[PDB]
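Spelled out from the first residue to the last, the chains are:
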Amino acid sequence: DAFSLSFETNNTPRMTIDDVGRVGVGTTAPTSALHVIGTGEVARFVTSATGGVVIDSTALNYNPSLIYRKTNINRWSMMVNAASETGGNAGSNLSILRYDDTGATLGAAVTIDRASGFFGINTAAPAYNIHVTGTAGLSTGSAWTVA
Amino acid sequence: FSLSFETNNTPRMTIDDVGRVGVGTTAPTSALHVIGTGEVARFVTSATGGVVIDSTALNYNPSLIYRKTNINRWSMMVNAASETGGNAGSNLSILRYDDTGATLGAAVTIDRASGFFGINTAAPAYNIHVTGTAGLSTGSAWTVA
Amino acid sequence: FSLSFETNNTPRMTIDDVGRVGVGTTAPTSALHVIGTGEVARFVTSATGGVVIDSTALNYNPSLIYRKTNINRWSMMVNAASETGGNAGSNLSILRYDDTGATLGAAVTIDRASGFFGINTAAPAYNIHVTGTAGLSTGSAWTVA
């Protein structure tokens with residue numbers, strides 16, 4: 001059961017609040033606490049100072065995430081991962097996850113260590129400023145340029 | 001033609017007849033349009049999860065777009081590469097935009113099927129694939145990990 | 001003062017006296033403040049598009065911020081480098097934060113004018129530019145691609 005706000009201009013429901021507390025904008029069947037449907041620019045968050053959007057969790061073992069889906073199937077995500085915060089800025093590292101065609105996790109393409117800033121490619125625990133598990137290709141030669 | 005909820009005789013939320021909802025604006029330009037100072041929107045999860053950007057079809061591409069004065073500057077999006085099977089297609093791209101908001105191309109492309117990370121490379125064929133130069137402050141070779 | 005829309009017997013949406021909107025909380029701390037379990041917010045586009053983070057001036061930085069227990073952990077933002085022409089300025093940065101939420105600096109900086117990808121490097125001068133060490137599991141050299 002749901003509550004809806006409509007306009008006699010189109011008779012179409014514009015906002016819906018169901019009995020479990022979910023709010024739909026453009027849907028009468030929201031599947032999230034806030035569920036918005038649109039065309040192109042769905043949501044716009046404007047800050048008149050430095051800032052913007054915050055994704056937060058209620059506990060250190062709950063991991064905030066931004067998830068990209070197509071037809072509501074996981075494709076990519078950027079998230080703070082589950083590495084334990086044991087002190088000294090350990091844990092809660094940044095990860096870009098890739099998902100298969102059915103939405104199952106394939107792996108972490110990128111993991112940035114919070115304590116060191118080390119950038120890992122296919123490496124969940126990078127041990128150098130850049131750390132690659134696998135192959136490396138450069139179009140202009142075989143060497144780094146000494147910067 | 002729209003409805004506004006007011007507190008302190010000021011409109012706080014507005015719903016128009018086209019279905020757009022504004023928080024802090026009486027003239028929303030998107031389905032949800034929020035204005036604030038600093039932390040504009042906060043999404044708090046009591047489990048692992050958060051915010052989902054979704055599309056209604058495989059050929060519609062979900063994106064997070066960063067603008068300044070409503071001009072495109074950067075974006076992180078799932079691109080239009082066709083999903084031909086075996087996890088092909090729908091790769092991740094970080095796009096840069098010029099001062100007028102026109103695309104300058106993908107600075108980074110990550111392949112979904114392999115995880116390969118391409119810098120200035122649309123079709124990475126190595127775990128890291130760079131088109132151009134590579135600078136390292138400490139020497140010219142990799143350390144064998 | 002605040003108004004809440006109540007269903008069953010529970011407040012679901014709240015508008016307080018300063019104009020902040022809470023969904024799942026009667027004490028919103030930002031313009032829009034949403035509480036949920038797992039799937040907190042879902043933004044669905046029936047075309048190519050999605051979510052826009054925008055600022056009202058070039059010196060204001062739009063940001064996506066990841067927190068745990070409301071303490072900064074990571075952020076991805078467009079920085080305040082001056083837009084002096086030729087697509088200079090407004091570069092992309094990924095910032096890391098310590099356990100108390102204080103900034104530890106930019107782990108990654110992508111230059112908008114060139115696309116150059118800097119790791120621990122504020123001004124990348126190569127297509128990839130690393131300040132520090134480099135580790136590769138398969139050898140000490142790049143493969144010529």
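Structure determination for this PDB entry is given in the record as X-ray crystallography, at a resolution of 2.00 Å.

S.K.: Where do I start with the overall build of chain A in this structure?
M.R.: The helix and strand inventory of chain A stands at zero helices and 14 strands. Reading chain A from its N end, one meets helices and strands in the order β-β-β-β-β-β-β-β-β-β-β-β-β-β. Taken over C-alpha atoms, the radius of gyration comes to 21 Å for chain A, far larger than the 15 Å a tight globule of 147 residues would show. Taken along its principal axes, the extent of the C-alpha atoms in chain A is 70 × 40 × 40 Å. Buried residues in chain A amount to 59% of all 147 residues. Excluding contacts between residues fewer than 6 apart, the proportion of contacts in chain A whose partners are at least 24 apart in sequence is 10%. As presented, chain A carries roughly 5,200 Å² of accessible surface, and 52% of it is formed by carbon and sulfur atoms. A distance of 8 Å separates the average location of the 8 positive side-chain charges in chain A from that of its 10 negative side-chain charges.

S.K.: Teacher, can you tell me more about the pattern of salt bridges here?
M.R.: On inspection of all chains with the given rule, the structure shows 17 salt bridges over all chains. As a salt-bridge pair, A:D56 and B:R42 come within 2.8 Å of each other at their nearest N and O atoms. Separated into two different chains, A:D56 in strand β6 (residues 51-57) and B:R42 in strand β5 (residues 39-45) make up a pair that spans both. For A:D56, a relative accessible area of 1% puts it in the buried group. Measuring nitrogen to oxygen at the nearest pair gives 2.9 Å for the salt bridge that ties B:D99 to C:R112. Of this pair, B:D99 sits in the loop between β9 (92-97) and β10 (103-110) while C:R112 is found in the loop between β10 (103-110) and β11 (117-119), placing the two residues in two different chains. What you see here is one network of salt bridges that share partners, running through A:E85, A:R114, C:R73 and C:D99.

S.K.: Would you take a moment to explain the interface of chain B and chain A for this structure?
M.R.: It is common to give the size of an interface as the accessible area that goes away when the parts come together. Between chain B and chain A, the residue contacts involve 85 residues of the former and 73 residues of the latter. Summed over both sides, the interface of chain B with chain A buries roughly 6,400 Å², with 60% coming from carbon and sulfur. For the pair chain B and chain A, the interface holds four salt bridges. The salt bridge involving B:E83 is made with A:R75; its shortest N-O contact spans 2.8 Å. Along the lines of polarity and charge, the residues of the side of chain B that touches chain A split into 40 nonpolar, 36 polar and nine charged.

S.K.: What's the story with the domain arrangement of chain B in this structure? I'm lost.
M.R.: Per the domain assignment, the segments of chain B are domain 1 (1-37) and domain 2 (59-131). Distance from the C-alpha centre of domain 1 of chain B to the C-alpha centre of domain 2 of chain B: 33 Å.

S.K.: Quick question: what am I supposed to make of the domain arrangement of chain A here?
M.R.: In terms of domains, chain A is made up of domain 1 (2-36) and domain 2 (65-132). Taken over C-alpha atoms, the centre of domain 1 of chain A sits 34 Å from the centre of domain 2 of chain A.

S.K.: How do you make sense of unusual backbone geometry when you look at a structure like this?
M.R.: Trans is the prevailing form of peptide bonds, just as negative phi is the prevailing case for residues other than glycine. For A:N122, which is not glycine, the phi dihedral falls at a positive 55°. If you trace the backbone, A:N122 turns up in the loop between β11 (119-121) and β12 (130-132). For A:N122, a relative accessible area of 40% gives the class partly exposed. We note that B:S90 has phi near 50°; this positive angle belongs to a residue other than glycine. Structurally, B:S90 is set in the loop between β8 (71-78) and β9. Residue class for B:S90 comes out buried when judged on its relative accessible area of 0%.

S.K.: Looking at this structure, I do not really get the interface of chain C and chain A. What am I missing?
M.R.: Contacts between the two partners involve 71 residues from chain C and, on the opposite side, 82 residues from chain A. Approximately 6,400 Å² of surface area, both sides summed, lies buried where chain C meets chain A, with 60% of it carried by carbon and sulfur atoms. Three residues, C:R42, C:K68 and C:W142, lead the burial of chain C against chain A; their summed loss comes to 14% of the area buried on that side. If you look at where chain C meets chain A, you find four salt bridges. There are 59 residue pairs in polar contact connecting chain C and chain A. In terms of residue class, the side of chain C that touches chain A is built from 37 nonpolar, 24 polar and ten charged. Here β6(A) runs beside strand β7 (residues 62-68) of chain C; their pairing, made up of five bridges, is parallel. Directly across from A:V54, in β7(C), lies its bridge partner C:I65.

Parameters and conventions
- Residues numbered from 1 in each chain as written, not as in the entry; some residues may be left out.
- Chains lettered and ligands numbered in written order.
- Heavy atoms only, no water.
- Helix = DSSP H or I, 4+ residues; strand = E, 2+ residues; numbered from the N terminus.
- Rg over C-alpha atoms; globule rule 2.2 N^0.38 Å.
- Buried < 20%, exposed > 50% of the residue type's maximum accessible area, 1.4 Å probe, protein only.
- Contact = heavy atoms within 4.5 Å.
- Areas by Shrake-Rupley, 256 points an atom, 1.4 Å probe, with all protein chains shown as cover.
- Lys, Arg positive; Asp, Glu negative; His and termini not counted.
- Charge placed at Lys NZ, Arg CZ, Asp CG, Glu CD.
- Salt bridge = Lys/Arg side-chain N within 4 Å of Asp/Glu carboxyl O.
- Buried area = accessible area lost by both parts, 1.4 Å probe.
- Nonpolar A, V, L, I, M, F, W, Y, C, P; charged D, E, K, R; others polar.
- Domains from an automatic or database assignment.
- Polar contact = N/O pair within 3.5 Å; in protein donor to acceptor, adjacent residues only side chain to side chain.
- Pairing = 2+ DSSP bridges.

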